[PDB]
Enquirer: 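I am attaching a structure below and will ask some questions about it afterwards.
Throughout, protein chains are lettered first and strands after them, A, B, ... in sequence-line order, and every chain is numbered starting at 1. The figures here come from the full heavy-atom set of this structure, side chains too, leaving out hydrogens, waters and symmetry mates.
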Amino acid sequence: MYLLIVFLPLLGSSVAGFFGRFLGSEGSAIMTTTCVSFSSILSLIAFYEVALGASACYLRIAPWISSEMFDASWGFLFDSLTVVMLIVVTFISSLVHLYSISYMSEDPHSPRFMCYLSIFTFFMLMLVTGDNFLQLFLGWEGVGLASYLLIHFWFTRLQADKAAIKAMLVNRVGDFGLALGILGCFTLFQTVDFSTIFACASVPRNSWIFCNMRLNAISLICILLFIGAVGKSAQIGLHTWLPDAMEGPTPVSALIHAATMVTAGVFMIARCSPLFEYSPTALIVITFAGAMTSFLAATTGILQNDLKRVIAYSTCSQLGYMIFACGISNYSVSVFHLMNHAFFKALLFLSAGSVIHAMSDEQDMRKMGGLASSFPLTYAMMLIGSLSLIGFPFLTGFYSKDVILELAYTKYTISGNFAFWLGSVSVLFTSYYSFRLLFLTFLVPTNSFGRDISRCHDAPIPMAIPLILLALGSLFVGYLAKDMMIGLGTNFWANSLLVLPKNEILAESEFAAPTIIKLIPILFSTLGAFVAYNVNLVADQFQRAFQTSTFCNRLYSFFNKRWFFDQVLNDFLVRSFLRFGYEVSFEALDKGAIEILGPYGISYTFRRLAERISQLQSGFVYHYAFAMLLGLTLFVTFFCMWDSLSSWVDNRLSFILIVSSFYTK
Amino acid sequence: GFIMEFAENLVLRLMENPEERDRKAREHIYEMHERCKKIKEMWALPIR
Amino acid sequence: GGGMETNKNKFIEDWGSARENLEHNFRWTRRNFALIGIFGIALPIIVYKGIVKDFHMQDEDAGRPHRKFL
Amino acid sequence: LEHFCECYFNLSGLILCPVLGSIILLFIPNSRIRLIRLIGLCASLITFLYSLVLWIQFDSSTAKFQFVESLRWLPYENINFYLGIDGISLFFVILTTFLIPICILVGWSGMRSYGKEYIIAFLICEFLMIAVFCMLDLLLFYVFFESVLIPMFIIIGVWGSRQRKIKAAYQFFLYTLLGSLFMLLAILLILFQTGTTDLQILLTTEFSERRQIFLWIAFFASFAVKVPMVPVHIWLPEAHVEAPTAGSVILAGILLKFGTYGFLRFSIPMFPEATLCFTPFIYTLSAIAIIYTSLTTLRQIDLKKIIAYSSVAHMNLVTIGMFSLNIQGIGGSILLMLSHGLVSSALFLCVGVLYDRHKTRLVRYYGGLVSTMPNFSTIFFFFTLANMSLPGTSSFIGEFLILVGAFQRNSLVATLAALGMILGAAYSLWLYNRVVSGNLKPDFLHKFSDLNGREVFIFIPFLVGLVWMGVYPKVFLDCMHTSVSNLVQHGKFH
Amino acid sequence: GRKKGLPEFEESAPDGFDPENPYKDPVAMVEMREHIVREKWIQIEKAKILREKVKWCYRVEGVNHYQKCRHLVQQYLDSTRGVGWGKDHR
Amino acid sequence: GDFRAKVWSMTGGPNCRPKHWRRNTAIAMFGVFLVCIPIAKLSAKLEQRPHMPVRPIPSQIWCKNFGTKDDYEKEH
Ligand SMILES: CCCCCCCCCCCCCCCCCC(=O)O[C@@H](COC(=O)CCCCCCCCCCCCCCC)COP(=O)(O)OC[C@H](O)CO
Ligand SMILES: CCCCCCCCCCCCCCCCCCCC(=O)O[C@H](COC(=O)CCCCCCCCCCCCCC)COP(=O)(O)OCCN
Ligand SMILES: CCCCCCCCCCCCCCCCCCCC(=O)O[C@H](COC(=O)CCCCCCCCCCCCCC)COP(=O)(O)OCCN
Ligand SMILES: COC1=C(OC)C(=O)C(C/C=C(\C)CC/C=C(\C)CC/C=C(/C)CC/C=C(\C)CCC=C(C)C)=C(C)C1=O
């Protein structure tokens with residue numbers, strides 16, 4: 001039954017891909033949805049068996065890569081963290097398949113789309129179930145591939161092709177980091193097996209030579225792994241691909257780049273906590289990165305005009321909260337927040353997709369408004385998702401976000417203080433942009449086109465069902481799962497997560513914090529909602545500044561254009577490599593110097609020299625006789641009259657003057 | 001009878017005898033280390 | 001109209017043939033001297049010195065003399 | 001000493017098969033095109049099955065050479081030559097025997113104009129290359145490698161597409177001959193010490209650290225031209241692009257492997273001290289090649305030029321692996337050699353499918369082919385993924401095992417070599433999306449045909465082999481470990 | 001023909017090899033190289049067997065693995081220092 | 001469109017509406033179930049559960065690898 005969980009989506013994708021011509025749209029929609037839904041049901045049973053039953057499952061199929069000590073295998077590990085991720089992935093994927101059945105109903109190529117959805121699901125399952133670093137790497141690359149295939153699903157669109165290539169290349173930079181980390185792990189422990197590495201990780205203390213520097217080996221490994229996490233979770237270094245991945249169809253944005261694949265970095269940090277716990281330096285790095293990312297994405301998202309863009313920058317900010325929770329040694333809380341975000345963000349992406357579908361694919365919020373009464377169900381779903389995201393009390397997002405903020409407050413370190421400040425201000429920013437989206441889309445007097453209003457329609461049933469289920473999740477899952485996952489002293493995780501005693505801060509955060517600290521999230525959220533109301537309803541001239549002041553205009557641009565991060569990277573890095581490839585490697589070297597001091601130059605000189613030697617055969621019999629006389633004279637001179645010579649003469653000068661004669665006239 | 005048992009027997013019949021293969025290997029070296037002296041004597045023969 | 005063969009465009013073929021015959025354009029200019037000095041001598045030497053030092057740093061980490069090379 | 005082997009299927013008959021095919025084809029009139037086609041195809045297929053049998057009788061526990069048989073040149077018996085394989089050369093014999101029928105099949109449609117000379121040239125190439133891989137003697141390795149130059153020269157010059165094939169063939173011949181002459185010089189210096197060229201004896205003689213330095217340089221001068229290593233790599237793009245499709249397949253899939261085979265077979269075990277002394281040098285050259293050539297690949301505008309430049313980066317990764325001198329390194333180098341031989345050959349076949357219909361190599365003319373050639377598009381995407389070392393494909397196994405081997409010796413060289421993951425992805429995906437994705441351009445191309453049955457069949461074994469090595473490389477690594485281990489240990493006794 | 005069964009080799013190092021001058025008995029030199037390779041594989045196979053113990057103790061003992069696996073972890077890490085042809089010489 | 005009706009693909013191309021798609025869908029579902037039977041058998045054979053569950057679980061019906069890894073000292 002555990003193999004069925006992993007391989008059922010592969011079977012569905014294979015039938016939709018290889019035999020979609022016999023099933024058509026309808027058959028392929030059914031085949032793929034059934035297989036993923038059955039995998040989801042079995043995943044629920046596995047959650048009951050493994051997490052609630054406290055009975056982990058281990059399954060080894062066969063060796064994959066066996067070379068001396070290198071022991072990569074086709075092996076599956078089912079512990080509490082694994083079944084939590086299994087529920088998230090399979091449930092959201094089943095819902096997204098069901099939603100797509102109706103969302104892509106008019107698309108010409110729905111069977112290929114469903115096949116791609118299922119193959120992504122299979123690779124994500126391979127990722128979260130692997131019992132060693134190499135199977136995890138296979139899942140990592142597979143979800144990268146499926147994401148690329150889905151981002152440019154509309155292959156005729158040049159924007160989509162650029163976005164997909166950008167996503168693949170940023171992910172490869174993370175995969176580089178991840179692969180270097182895996183190499184270091186194998187070198188230190190002589191294995192890539194998770195169980196062996198975690199059993200051994202507390203012992204090594206040795207230093208390593210990495211790029212002509214002496215570093216602590218565990219710390220080096222952990223930072224290298226975190227680089228791959230930074231790639232897959234769109235953290236500060238490698239974040240710019242996520243907003244552009246909105247080029248794919250909305251179900252892809254819901255499933256891939258908001259719920260499951262974008263959280264693979266958080267999952268990998270949580271799964272490797274028995275290793276990361278012995279690298280305080282790496283934890284400090286992680287803390288800083290997550291904090292910076294939350295602030296970056298929050299400030300960027302407040303001026304976006306596209307719905308999907310706003311919701312993607314939200315995801316990036318939420319991923320930052322999850323990364324610093326991990327960096328302050330609170331992995332259970334980060335995974336709890338991951339599971340909670342998978343409900344509200346999927347509800348938000350699917351609700352936005354419903355709005356966009358109803359508005360004839362209009363995505364600009366400036367051409368919307370006055371839509372609350374026309375789409376009541378969709379408006380309610382978006383409200384519930386937004387309230388759960390901003391951390392409205394007792395909703396699903398309230399139980400994890402504020403616990404992370406309280407834990408950051410309780411981390412009495414430099415990076416803990418940094419994370420507390422940045423997350424606190426980011427709360428205000430996210431409340432602002434969430435309510436700005438709600439107000440511009442549904443509540444302001446309408447700014448839309450009449451032809452759009454006169455052709456509107458709310459969700460068909462295969463679309464509304466997942467929205468209802470995600471709304472229920474976004475209301476109740478937090479409260480319902482809080483004690484199980486982060487309740488004081490809970491044994492729910494068993495040995496899946498490791499917190500060393502010296503890093504345990506959950507009691508002190510629930511008990512030693514001033515009552516004020518616990519309210520700043522509600523207060524900042526309320527202030528952000530109020531500021532959004534004032535900006536988007538009672539402001540009739542706070543836009544003159546952007547048209548009359550150069551400094552205010554550049555700042556508006558700064559924040560709308562994502563801090564100019566893509567511009568700077570493309571201008572100084574991508575263009576640099578592209579120019580090297582033509583001007584140095586090819587033109588100055590390969591086709592330049594190497595051709596001149598090679599076949600081009602050699603051919604030139606040997607042609608000119610053969611030319612000169614041919615001319616000595618002048619055709620004149622006198623030259624031929626003279627040559628014989630000269631050779632005879634040379635013979636006598638060198639071989640008999642070189643006795644006294646040696647006093648004035650040297651052999652060096654002899655052969656030098658010979659060669660030098662070639663360069664005459 | 002069974003396919004595989006026949007296949008086992010057939011594959012073993014195809015294969016070198018490992019003992020004999022490793023023994024001609026010793027004769028070549030022992031004979032070549034001590035045989036490497038004869039030819040070099042002709043190359044040292046005086047032309048005059 | 002007739003044929004699977006591509007209908008050639010004169011400018012595209014000129015661009016391609018210019019790409020195939022770049023070696024006829026090399027002039028030992030100042031820019032080319034700098035680019036060959038930096039990327040054809042200096043950078044390989046720097047990489048070689050890096051690789052060797054890496055081995056020497058391993059050598060001294062193991063309480064061993066520097067391994068001779070080349 | 002007659003070293004005749006007990007086994008029924010041995011090396012000499014596998015040598016003789018394509019020879020007999022060539023002699024028979026010499027005498028059949030060109031009017032009997034069907035007979036010529038069938039005879040050549042059947043000879044190549046029988047040779048492939050013979051090599052498969054040789055794989056079954058292989059003994060994966062010994063460090064010795066197997067099927068060793070001998071070959072007696074003079075009645076004086078001073079000079080007597082031996083053939084034999086091990087776990088490092090076996091799969092290369094298999095790859096050669098497998099690729100040759102593919103070459104005959106690629107030119108099936110044009111055989112009426114190709115003639116029997118095409119099939120005879122490829123069969124002679126097959127005979128010479130199998131010989132080269134099966135030789136336990138430096139001097140015959142030399143003789144059989146230079147011999148392939150003649151049929152390869154003919155193949156490039158006669159059936160190349162355009163007049164640039166002239167320059168390409170000249171450069172191929174002259175570069176390769178220069179390298180070969182350097183290694184002839186090395187062979188004679190060895191002979192002056194030892195009085196022999198038998199590989200088994202040279203593996204048991206001691207060379208001075210000084211004599212080792214000079215002999216290693218003279219071997220390097222052949223092998224680096226063969227690999228190719230920078231800066232003697234510039235013959236490769238010209239030759240591999242101007243050659244006919246099957247010629248490119250043989251050049252990239254087999255002939256390129258001869259330099260790395262020479263490094264594995266003579267340089268590393270015969271001169272271990274020099275091998276140690278030169279390791280930083282090899283690491284630097286290979287790392288420079290990987291970065292610079294990948295970046296040059298990025299800016300190429302010709303399909304065949306992009307696939308040909310890709311091979312330079314892959315082979316220099318192979319050299320890093322083999323000079324790491326451990327199990328991961330050498331195992332990964334051999335596995336990547338075989339995987340490259342499959343993947344680059346399939347990519348050249350894809351480009352050839354496109355060129356046979358449209359007669360252009362310029363990327364700008366193509367685009368939007370997914371809508372007219374979906375089967376070709378899918379197969380092309382698969383081999384594009386394989387060329388990026390995607391996990392699950394055969395090339396990833398060798399790539400990662402080589403990175404493992406390098407990291408344990410020098411973390412900087414592994415770090416520079418792992419940059420290939422980023423650059424190879426970039427150029428592979430850019431090529432695929434510019435060829436297959438986007439819209440059609442009917443002013444350039446308006447008439448299309450997807451793959452016929454022959455082309456689909458040709459692709460099937462490449463797909464099967466790539467997936468098979470990618471998911472279960474144990475079948476290959478189990479037959480190689482003893483040989484690889486003895487290569488790694490040779491020269492040390494602790 | 002190969003008889004059925006696992007390959008058989010001599011348990012002992014060849015008699016005829018002089019570590020001082022190893023290029024003196026070529027046959028013994030080859031045999032010693034093969035014997036050392038086989039011995040090295042026996043050490044790799046020992047470290048792999050000790051790894052299976054750690055794997056299962058971690059899995060069976062859960063949060064008590066630190067105190068229960070300690071001796072097995074020490075044994076495995078000692079066997080892995082100077083194993084095969086990795087980052088340790090002899 | 002117009003030319004795409006002459007283009008064969010495995011996924012069926014644009015707006016694919018096979019006439020017998022219901023019967024074909026049923027045949028595909030029967031095939032996936034038949035393929036799933038051996039996978040389930042192999043999974044049940046391969047599963048390893050070192051710990052007895054707190055309450056009875058469905059996998060106890062078909063899997064007989066509960067509490068077998070207790071003597072990890074003898075693992076090889
Ligand atoms: C044997 C080693 C040789 C290289 C040694 C290392 C490098 C030393 C420094 C460089 C030496 C050669 C300098 C050449 C200067 C450029 C000369 C020139 O004009 O270039 C022409 C091409 O000639 C060369 O570049 C010469 C190539 C030399 C390469 C090596 C020579 C042959 C070596 C092999 C044979 C000998 C073997 C001896 C082995 C010991 C270009 O032809 P053109 O008519 O277009 O020129 C117009 C001009 O630019 C003004 O507009
Ligand atoms: C660490 C330092 C070392 C690292 C390695 C660096 C090495 C640098 C590169 C050296 C390798 C160069 C290899 C020589 C190949 C030359 C190929 C030229 C042939 C070619 O394509 O053009 C022909 C020119 O031939 C001709 O007319 C010319 C004659 C043929 C050339 C052969 C001369 C080479 C002899 C040895 C040179 C090197 C010495 C080695 C120590 C045709 O021309 P066309 O169109 O006019 O003909 C009439 C047409 N049918
Ligand atoms: C540590 C050193 C290791 C060995 C490196 C090689 C030897 C050292 C460098 C030698 C430099 C010689 C002097 C060069 C500077 C003088 C410049 C004078 C003016 C000038 O431009 O003269 C040019 C002479 O070029 C020339 O004569 C070209 C100079 C030789 C370039 C050597 C390139 C080496 C290989 C590069 C790397 C390859 C591998 C990369 C992976 C011809 O001017 P012009 O007027 O004809 O110009 C075309 C106009 N129409
Ligand atoms: C392009 O510009 C020009 C030159 O430049 C090449 C010239 O000078 C000449 C011609 C003048 C010369 C070179 C007279 C010298 C002739 C000699 C030495 C006669 C000997 C015979 C021949 C053919 C040369 C072969 C001799 C050799 C190799 C030496 C002897 C052999 C041994 C080492 C034993 C002219 C007209 C010219 O306009």
Side-chain angles (χ1 to χ4, degrees), chain A residues 3-43 86 88-126 142-143 145-147 149-151 153 248-256 259-261 346 350 353 460-463 465-466 469, chain D residues 378, chain F residues 9-18 21-36 39:
Chain A
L3 277 187
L4 292 179
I5 283 184
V6 175
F7 288 104
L8 263 177
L10 181 50
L11 284 173
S13 150
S14 280
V15 157
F18 288 127
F19 302 104
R21 65 182 177 281
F22 303 114
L23 269 55
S25 307
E26 280 84 67
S28 300
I30 293 185
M31 215 54 225
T32 68
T33 304
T34 297
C35 302
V36 163
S37 289
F38 263 108
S39 151
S40 193
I41 285 171
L42 301 185
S43 271
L86 267 182
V88 161
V89 168
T90 53
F91 188 58
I92 300 297
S93 193
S94 285
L95 291 190
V96 166
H97 273 72
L98 187 59
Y99 182 98
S100 306
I101 282 180
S102 170
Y103 184 93
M104 298 287 281
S105 79
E106 277 62 56
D107 189 283
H109 305 108
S110 73
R112 195 173 94 255
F113 181 81
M114 300 307 273
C115 183
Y116 287 176
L117 277 183
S118 281
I119 195 55
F120 166 83
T121 308
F122 157 79
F123 278 123
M124 188 84 213
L125 294 185
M126 289 293 288
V143 302
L145 180 53
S147 169
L149 272 172
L150 279 164
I151 283 159
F153 172 77
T250 310
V252 179
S253 319
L255 179 54
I256 281 56
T260 59
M261 173 189 114
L350 293 189
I461 284 71
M463 279 164 71
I465 290 186
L469 288 170
Chain D
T378 292
Chain F
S9 54
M10 283 177 323
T11 321
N15 297 303
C16 185
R17 298 280 308 181
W21 72 265
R22 277 153 226 150
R23 156 209 95 191
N24 295 340
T25 298
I27 279 156
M29 292 177 72
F30 187 63
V32 154
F33 166 78
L34 289 183
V35 178
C36 277
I39 291 175

Enquirer: List for me each residue that meets side-chain hydrogen bond (donor to acceptor under 3.5 Å, both in side chains) alongside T250(A), sequence neighbours excluded, and say none if there are none.
Expert: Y103(A)
Enquirer: With sequence neighbours excluded, what pairs up with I461(A) under the side chain to side chain contact (heavy atoms under 4.5 Å, CB included) test?
Expert: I465(A)
Enquirer: If we ignore hydrogens and angles and just use 3.5 Å, is the side chain of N24(F) paired with the main-chain N or O of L23(A) as donor and acceptor?
Expert: no
Enquirer: Which is it for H97(A) and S118(A) under the side-chain contact (heavy atoms from CB on, under 4.5 Å) test, yes or no, and what are the steps along the way?
Expert: CA-CA 8 Å; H97(A) 273 72; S118(A) 281; 3.1 Å; yes
Enquirer: Return each pair, listed once, that meets salt bridge (charged side-chain N to carboxylate O under 4.0 Å, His left out) where at least one residue sits in residues 26-40 of chain A; pairs must be two or more places apart or across chains.
Expert: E26(A)-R17(F)
Enquirer: Rounded to the nearest 0.5 Å, what separates atom CG in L86(A) from atom OG in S40(A)?
Expert: 9.5 Å
Enquirer: Please report the interatomic distance OH(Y116(A)) to CG(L145(A)), rounded to the nearest 0.5 Å.
Expert: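 Going from OH on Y116(A) over to CG on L145(A), the span is 9.0 Å.
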Enquirer: Does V36(A) offer a backbone N or O that forms a donor-acceptor pair with the side chain of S94(A) under 3.5 Å?
Expert: yes
Enquirer: Indicate yes or no for a side-chain donor-acceptor contact from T33(A) to the backbone of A29(A) under 3.5 Å, with no hydrogens or angles considered.
Expert: yes
Enquirer: Applying side chain to side chain contact (heavy atoms under 4.5 Å, CB included), can you list everything that pairs with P111(A), at least two apart in sequence or on another chain?
Expert: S25(A), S28(A), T11(F)
Enquirer: Taking only residues two or more places apart in sequence, or in another chain, which ones meet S147(A) in a side-chain hydrogen bond (donor to acceptor under 3.5 Å, both in side chains)?
Expert: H257(A)
Enquirer: Could you go step by step and tell me if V143(A) and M126(A) meet the side-chain contact (heavy atoms from CB on, under 4.5 Å) rule?
Expert: CA-CA 9 Å; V143(A) 302; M126(A) 289 293 288; over 6 Å; no
Enquirer: Using side-chain hydrogen bond (donor to acceptor under 3.5 Å, both in side chains) as the criterion, list what pairs up with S13(A), not counting sequence neighbours.
Expert: none
Enquirer: Could you check if a side-chain atom of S37(A) sits within less than 4.5 angstrom of a side-chain atom of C35(A), using non-hydrogen atoms only?
Expert: no
Enquirer: Report the C-alpha distance between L125(A) and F122(A) in whole Å, list the side-chain angles of each, state the deciding distance to 0.1 Å, and finish with yes or no for side-chain contact (heavy atoms from CB on, under 4.5 Å).
Expert: CA-CA 5 Å; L125(A) 294 185; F122(A) 157 79; 5.6 Å; no
Enquirer: Indicate every side-chain donor-acceptor pair of residues 4-12 of chain A with a distance under 3.5 Å to a residue at least two apart or in another chain.
Expert:
none

Enquirer: Could you name each residue pair satisfying salt bridge (charged side-chain N to carboxylate O under 4.0 Å, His left out) that touches residues 109-118 of chain A, not counting sequence neighbours?
Expert: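 Residue pairs with at least one partner in residues 109-118 of chain A: there are none.
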Enquirer: Check for a donor-acceptor pair, side chain of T260(A) on one end and backbone N or O of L255(A) on the other, with a separation under 3.5 Å.
Expert: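 Looks like yes, one N/O pair under 3.5 Å.
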Enquirer: So which pairs with a foot in residues 93-106 of chain A pass salt bridge (charged side-chain N to carboxylate O under 4.0 Å, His left out), sequence neighbours left out?
Expert: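 Pairs touching residues 93-106 of chain A that pass the test: none.
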Enquirer: Run the side chain to side chain contact (heavy atoms under 4.5 Å, CB included) test against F18(A) and tell me which residues pass, sequence neighbours left out.
Expert: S14(A), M10(F)
Enquirer: Sequence neighbours excluded, which residues qualify as side chain to side chain contact (heavy atoms under 4.5 Å, CB included) partners of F113(A)?
Expert: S100(A), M104(A), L117(A), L150(A), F153(A), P249(A), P251(A), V252(A)
Enquirer: Which residues pass the side-chain hydrogen bond (donor to acceptor under 3.5 Å, both in side chains) test with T32(A), sequence neighbours left out?
Expert: none
